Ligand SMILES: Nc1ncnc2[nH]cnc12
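Have a look below at one chain only, the form solved without this ligand, in structure tokens format.
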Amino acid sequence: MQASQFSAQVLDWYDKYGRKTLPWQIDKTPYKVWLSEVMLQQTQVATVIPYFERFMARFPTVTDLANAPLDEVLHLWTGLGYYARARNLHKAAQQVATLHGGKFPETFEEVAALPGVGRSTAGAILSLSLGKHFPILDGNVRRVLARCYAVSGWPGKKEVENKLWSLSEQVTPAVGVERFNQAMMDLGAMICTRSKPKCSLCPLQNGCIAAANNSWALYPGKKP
């Protein structure tokens, strides 16, 4: 599917069927998007929403989080699992207070330098909260791209990962980047699922190679 048709059909879908009312989409800031991205890395949206609300009520700004005791942060995280995320969350808050005056940094390199934030989470923060022109590549996005363009191979191998990032870059637009990047997460979460994807509900079904061959189970590849 040509890249301009990909982006236009995903944006047209999002306008009518996308999720726009999550709490970290209302009156968005870099801090709210970073906190939600870290909570969502390994947890389902319905479980995260009450934790996100409790964290924003107790820590309205990144400086408030930075100045709190780590034990208090770990107490409020209880139930989300994967506590290395919480330890790195507190460290990143401290890095923003210490190096950046309490204001979230707006360049790719400074965001990626934060503990617990890698290439995709950094692109997510800057595209979704400020409209900067970066693509993402979490597991939801990787599954949609690997099926639509038939990318076999384990994404654990560097050359396959590199191919998926080039494909993401190619289809991600500048105009509407915040809508597009959220829509790709929505598609992978709710429609292009690991098992038995709902292709009839997908705006890529007219150009997707996996749908044409009923071969979604091949993409992405599994570890050998």
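One-based numbering along the sequence shown.
What comes next is about the form deposited with this ligand bound, which does not appear here.
Participant: Check each of 68, 160, 56, 40 and return the one that places a heavy atom within 4.5 angstroms of this ligand in the deposited bound form.
Facilitator: Only one listed residue qualifies here, and that residue is 40.
Participant: Give me the residue from 177, 62, 171, 185 that has a heavy atom within 4.5 Å of this ligand in the deposited bound form.
Facilitator: None of the other options qualify; the answer is 185.
Participant: Would residue 164 count as a contact of this ligand in the deposited bound form, using a 4.5 angstroms cut-off between non-hydrogen atoms?
Facilitator: No.
Participant: Does residue 110 make contact with this ligand in the deposited bound form, using a 4.5 Å heavy atom cut-off?
Facilitator: No.
Participant: My question is simply whether residue 140 lines the interface with this ligand in the deposited bound form - judged by any non-hydrogen atom within 4.5 Å.
Facilitator: So residue 140 counts as contacting this ligand.
Participant: Answer yes if any heavy atom of residue 49 is within 4.5 Å of a heavy atom of this ligand in the deposited bound form; otherwise answer no.
Facilitator: No, residue 49 is distant from the partner.
Participant: Given the stretches 132 to 140, 78 to 86, 98 to 106, 150 to 158, which is the single one in contact with this ligand in the deposited bound form, using a heavy atom cutoff of 4.5 Å?
Facilitator: Every other range fails; the passing one is 132 to 140.
Participant: Do any residues of 44 to 74 have a non-hydrogen atom within 4.5 angstroms of this ligand in the deposited bound form? If so, which ones, in sequence order?
Facilitator: Going through 44 to 74 in order - heavy atoms within 4.5 Å of this ligand in the deposited bound form - there is one hit, 45.
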